[PDB]
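**Student:** Experimental coordinates for this protein are included below, preceded by the sequence.
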Amino acid sequence: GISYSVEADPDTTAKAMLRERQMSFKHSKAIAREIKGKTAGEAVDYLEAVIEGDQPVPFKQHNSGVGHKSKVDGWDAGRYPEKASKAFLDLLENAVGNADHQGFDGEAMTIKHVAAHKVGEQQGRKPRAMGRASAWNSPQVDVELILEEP
Amino acid sequence: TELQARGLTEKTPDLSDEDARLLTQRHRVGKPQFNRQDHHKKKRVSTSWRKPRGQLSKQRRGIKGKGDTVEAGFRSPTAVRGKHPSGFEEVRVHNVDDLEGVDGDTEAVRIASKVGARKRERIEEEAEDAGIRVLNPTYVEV
Amino acid sequence: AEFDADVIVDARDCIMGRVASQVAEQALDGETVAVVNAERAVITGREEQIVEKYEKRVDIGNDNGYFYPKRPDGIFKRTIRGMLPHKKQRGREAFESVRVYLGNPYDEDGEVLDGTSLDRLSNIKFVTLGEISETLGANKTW
RNA sequence: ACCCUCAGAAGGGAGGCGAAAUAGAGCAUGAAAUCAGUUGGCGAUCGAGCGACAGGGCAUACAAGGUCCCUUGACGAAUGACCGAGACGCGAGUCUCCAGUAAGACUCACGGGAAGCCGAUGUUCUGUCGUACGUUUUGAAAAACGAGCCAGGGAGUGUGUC
RNA sequence: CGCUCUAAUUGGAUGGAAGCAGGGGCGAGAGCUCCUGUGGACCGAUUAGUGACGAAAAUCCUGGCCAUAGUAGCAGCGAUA
Ligand SMILES: [Cl-]
Ligand SMILES: [Cl-]
Ligand SMILES: [Cl-]
Ligand SMILES: [Cl-]
Ligand SMILES: [Cl-]
Ligand SMILES: [Cl-]
Ligand SMILES: [Cl-]
Ligand SMILES: [Mg+2]
Ligand SMILES: [Mg+2]
Ligand SMILES: [Mg+2]
Ligand SMILES: [Mg+2]
Ligand SMILES: [Mg+2]
Ligand SMILES: [Mg+2]
Ligand SMILES: [Mg+2]
Ligand SMILES: [Mg+2]
Ligand SMILES: [Mg+2]
Ligand SMILES: [Mg+2]
Ligand code: NA
Ligand code: NA
Ligand code: NA
Ligand code: NA
Ligand code: NA
Ligand code: NA
Ligand code: NA
Ligand code: NA
Ligand code: NA
Ligand SMILES: [Sr+2]
Ligand SMILES: [Sr+2]
Ligand SMILES: [Sr+2]
Ligand SMILES: [Sr+2]
Ligand SMILES: [Sr+2]
Ligand SMILES: [Sr+2]
Ligand SMILES: [Sr+2]
Ligand SMILES: [Sr+2]
Ligand SMILES: [Sr+2]
């Protein structure tokens, strides 16, 4: 697995991690990118609105074939990755939790750092025609989060 | 308070008018990189020099812009070849007994990396006392 | 709109290519040139063949495009571009600092460059750029 | 271990052990391809063997390199004048003298200056040259053949006789 | 020039070896060497030997990895649930 790629002062910070999560890595990059800079509470309200389908996540790198969404500002293609968003909500539940236990105002804290890393693949195999089989793998993702005091 | 180097760091050698001219020439003329043809085009092809062997090779054929091929005409002057940019001839030292016979007016010393801090301390003081500069000195807190 | 020209050239009764060659040389030397009265600029030869060449340039083209100007405004501007390396940085700066005009938008009368004037009393076989444009199908607005 | 979180023997956070947990379980070291985040340089008007050599911009903790710029002055190869005086030419221009003079690369000396400053490194811009590599072939950028990328592996050896 | 192991002669290392990463210096060059970080136990030099000794290529071998792509498929069958 990963370790925190950025330094964090324990006195003014809260940490959180997700390990070997079987969800789309491509969706995770997009979510991380969008929630960075936002307040922990803003991020929760945002991701819940994505799950509901009222807010699209901008797909800037992994956008091939993706249809344009009007609510996406400054860009064109976006989607509503609910599985990966639900996993990010668990990351923000853990962070705000760890934050409150330390005496901080968890919800009001800024997302200083959030990044997803492809930690591996859970391998699978799918039988194809002509007596041959090809890969049918699941991405295993890790994601780090550093909540900072405003 | 601050960091300072052990030994005679500022020491310069006494070179003849000719050896000083040739050193300044080597420094001015320089030489090309002499890296392998198309090393930059493929990650598996290292920078290390190999003679372009291909019958059609643009570098082998001497096509302008494809890089200089290694020839003897690129050699540095005999009188100065191998000298440190300071002008000193290097002597690789491993212990205190290796500092013997060294002329600190013309030769400087370079302690092997493998040598530990304890033995380095003894070499560095015995080098300063013998009037020899150490090219890789220890930086102590003064 | 205002264009701070260093040199204002009068194209009236002057051989287009000769003016263009000099206006190019000056633009690369850092001058801000402005060609004036290009409707009255001249190009020597048999009218019937001159028009054929220019009409062919208008008929040439495909999906990629071959935009050829019909107005004397643009024809002179394209002639100047052919004497400049407009694709390079230095050449584009030179071209963009040159502007051709219909008539004279300034107060100052332009200067007639050396070797560019054509003596109408000695020549019968020539055409005016405006005459070329009228034949090409351009709207006479001069 | 304990505590907090969680649907939770999960995972996470805090904490404990140890010289070391970036020694925490396929757990010594931990390269390249390559991925996430981020820094520097370039960037939505512009052209493609991706560079070599020159020269500019911007960028740089130390260490392992310490040079570099400008006035002036000395030296000064090949080359080599302007102006002027006289003399030719229809003319563009030329000859003689001034003069192998002034100049002339490098190097050095005095005085003054720079320490992101000189080198060097990253990137980018300009100039010049430039259609990979290896093989096949008279002729390969080739619309001839081979390779997605990287790492490691991968081809004159033994005996006998001459 | 470089690689392995042998031998003689002679050195270095827990006051930090090899390796690796980034960086400095030398050599026309094969390559040598130093600094910083990492690592945490081995490593050289000279001389004479030894050879399962040097790769960009062989539709080369094995492993790993990227783009392809969040794309094709998860509809088609007289059993449309
Ligand atoms: Cl993926
Ligand atoms: Cl030689
Ligand atoms: Cl067209
Ligand atoms: Cl051009
Ligand atoms: Cl006529
Ligand atoms: Cl010299
Ligand atoms: Cl052989
Ligand atoms: Mg689509
Ligand atoms: Mg079968
Ligand atoms: Mg390479
Ligand atoms: Mg390990
Ligand atoms: Mg043939
Ligand atoms: Mg010996
Ligand atoms: Mg090998
Ligand atoms: Mg080969
Ligand atoms: Mg497609
Ligand atoms: Mg039915
Ligand atoms: Na939009
Ligand atoms: Na919008
Ligand atoms: Na003409
Ligand atoms: Na046209
Ligand atoms: Na540069
Ligand atoms: Na072949
Ligand atoms: Na070829
Ligand atoms: Na061809
Ligand atoms: Na493949
Ligand atoms: Sr894309
Ligand atoms: Sr060392
Ligand atoms: Sr801990
Ligand atoms: Sr002279
Ligand atoms: Sr790394
Ligand atoms: Sr071999
Ligand atoms: Sr294996
Ligand atoms: Sr894949
Ligand atoms: Sr169905």
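**Tutor:** Looks like it came in fine. Residues are numbered from 1 along each chain as shown, chains lettered A, B, ... in the order given. Ligands and ions are numbered 1, 2, ... in the order given.
**Student:** Chain A: helices as residue ranges?
**Tutor:** For chain A, helices defined by DSSP state H occupy the ranges A:25-35, A:40-52, A:82-101.
**Student:** now swap in chain C and tell me
**Tutor:** Taking DSSP H as the criterion, chain C carries its helices at C:16-28, C:47-59, C:72-81, C:89-96, C:129-136.
**Student:** What residues sit buried inside the fourth one?
**Tutor:** Read it as helix C:89-96. Of the residues in helix C:89-96, C:91, C:94, C:95 count as buried by neighbour count, 16 or more other Cβ atoms under 10 Å in any protein chain shown. Just so you know, the C-beta spots here come from the backbone N, C-alpha and C atoms, and that holds for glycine as well.
**Student:** Same question for the last one.
**Tutor:** Under the neighbour-count criterion of 16+ other Cβ under 10 Å, helix C:129-136 has C:129, C:130, C:131, C:132, C:133, C:136 buried.
**Student:** Measure how buried the spatially closest residue to residue B:79 that is not a sequence neighbour is and give me the count.
**Tutor:** Once its chain neighbours are removed from consideration, residue B:79 has its nearest residue in residue B:22; the separation is 5.0 Å (Cβ to Cβ, 6 or more residues apart in numbering or on different chains). Residue B:22: 19 surrounding residues under other Cβ atoms under 10 Å in any protein chain shown.
**Student:** So residue C:23 sits against residue C:97, correct?
**Tutor:** No: here residue C:23 lies out of contact with residue C:97, judged by Cβ atoms under 8 Å, at a distance of 10.6 Å.
**Student:** Name the residues contacting each of the two.
**Tutor:** Shared contacts of residue C:23 and residue C:97, defined by Cβ atoms under 8 Å, 6 or more residues apart in numbering or on different chains, are found at residue C:33.
**Student:** Compare the two (neighbour count), which wins?
**Tutor:** Relative neighbour count places residue C:23 above the other of residue C:23 and residue C:97, with 26 against 19, counting by other Cβ under 10 Å.
**Student:** Can you add distance to residue B:71 and give the helices of chain C back as a markdown table?
**Tutor:** Rendered in a markdown table, the data for the helices of chain C read as follows (distance: least, Cβ to Cβ, whole Å):
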| stretch | distance to residue B:71 |
| --- | --- |
| helix C:16-28 | 41 |
| helix C:47-59 | 54 |
| helix C:72-81 | 46 |
| helix C:89-96 | 37 |
| helix C:129-136 | 60 |
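**Student:** what are the ranges of the strands in chain B?
**Tutor:** Using DSSP state E, the strands assigned to chain B run over residues B:3-5, B:89-93, B:107-111, B:139-141.
**Student:** Show the contacting residues for the residue nearest to residue B:110 when sequence neighbours are not counted.
**Tutor:** Residue nearest to residue B:110 in three dimensions, not counting chain neighbours: residue B:135, with 4.6 Å by Cβ to Cβ, 6+ apart. The neighbourhood of residue B:135, defined by Cβ under 8 Å, 6+ apart, consists of B:84, B:88, B:90, B:108, B:109, B:110.
**Student:** if I pick residue C:31, what's in contact with it?
**Tutor:** Residues in contact with residue C:31 (Cβ under 8 Å, 6+ apart) are C:6, C:7, C:97.
**Student:** RNA strand E versus the residue of chain C found nearest RNA strand D, what's the distance?
**Tutor:** Here the residue of chain C nearest RNA strand D is residue C:89; by Cβ to the nearest atom of the strand that distance is 4.5 Å. Distance, residue C:89 to RNA strand E, using Cβ to the nearest atom of the strand, to the nearest Å: 30 Å.
**Student:** do residue A:142 as well
**Tutor:** Counting by Cβ to the nearest atom of the strand, the gap between residue A:142 and RNA strand E amounts to 14 Å.
**Student:** Quick check: that residue vs residue A:81, distance?
**Tutor:** According to Cβ to Cβ, to the nearest Å, residue A:142 and residue A:81 sit 17 Å apart.
**Student:** more neighbours, those two?
**Tutor:** Each of residue A:142 and residue A:81 had its neighbours counted (other Cβ under 10 Å), and the higher figure belongs to residue A:81 (23 against 20).
**Student:** The residue lying closest to that one once chain neighbours are set aside: neighbour count?
**Tutor:** Ranked by Cβ to Cβ, 6+ apart and with sequence neighbours excluded, the top spatial neighbour of residue A:81 is residue A:27, at 3.8 Å. Applying the criterion other Cβ under 10 Å, we find 24 residues in the vicinity of residue A:27.
**Student:** Which residues are in contact with residue A:27?
**Tutor:** The contact partners of residue A:27, by Cβ under 8 Å, 6+ apart, come to A:57, A:62, A:79, A:81, A:83, A:84.
**Student:** Closest one of those residues to ligand 1?
**Tutor:** Within the contacts of residue A:27, proximity to ligand 1 (Cβ to the ion) peaks at residue A:62, which comes in at 8.2 Å.
**Student:** which residue packs closest to residue 18, ignoring adjacent ones?
**Tutor:** Reading this off chain A. In this structure, residue A:18 finds its nearest non-sequential neighbour in residue A:143, 4.5 Å apart by Cβ to Cβ, 6+ apart.
**Student:** switch to chain C, that's the one I care about
**Tutor:** Leaving out its chain neighbours, the residue that sits closest to residue C:18 by Cβ to Cβ, 6+ apart is residue C:116, at 4.7 Å.
**Student:** longest single strand anywhere in chain A?
**Tutor:** Among all segments of chain A classified by DSSP E, the strand with the greatest residue count is strand A:110-122.
**Student:** near RNA strand D at all, it?
**Tutor:** Yes: between strand A:110-122 and RNA strand D, judged by Cβ under 7 Å from any atom of the strand, the touching residues are A:113, A:115, A:116, A:117, A:118.
**Student:** Just want the angle from that strand to helix A:25-35.
**Tutor:** 180 degrees (axes from the mean of the first three to the mean of the last three Cα atoms, to 10 degrees).
**Student:** what comes up buried for strand A:110-122?
**Tutor:** Residues of strand A:110-122 classed as buried: A:110, A:111, A:112, A:113, A:114, A:115, A:116, A:117, A:119 (neighbour count, 16+ other Cβ under 10 Å).
**Student:** okay, which residue is most central for chain C?
**Tutor:** When Cα atoms, centre = their mean is applied to chain C, the residue found nearest the centroid is residue C:76 (1.8 Å).
**Student:** re earlier: take the contacts of residue B:135 and lay them out in TSV including distance to residue C:110.
**Tutor:** Supplementary listing: those in TSV, determined by distance: Cβ to Cβ, whole Å:
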residue	distance to residue C:110
B:84	68
B:88	71
B:90	73
B:108	73
B:109	77
B:110	74
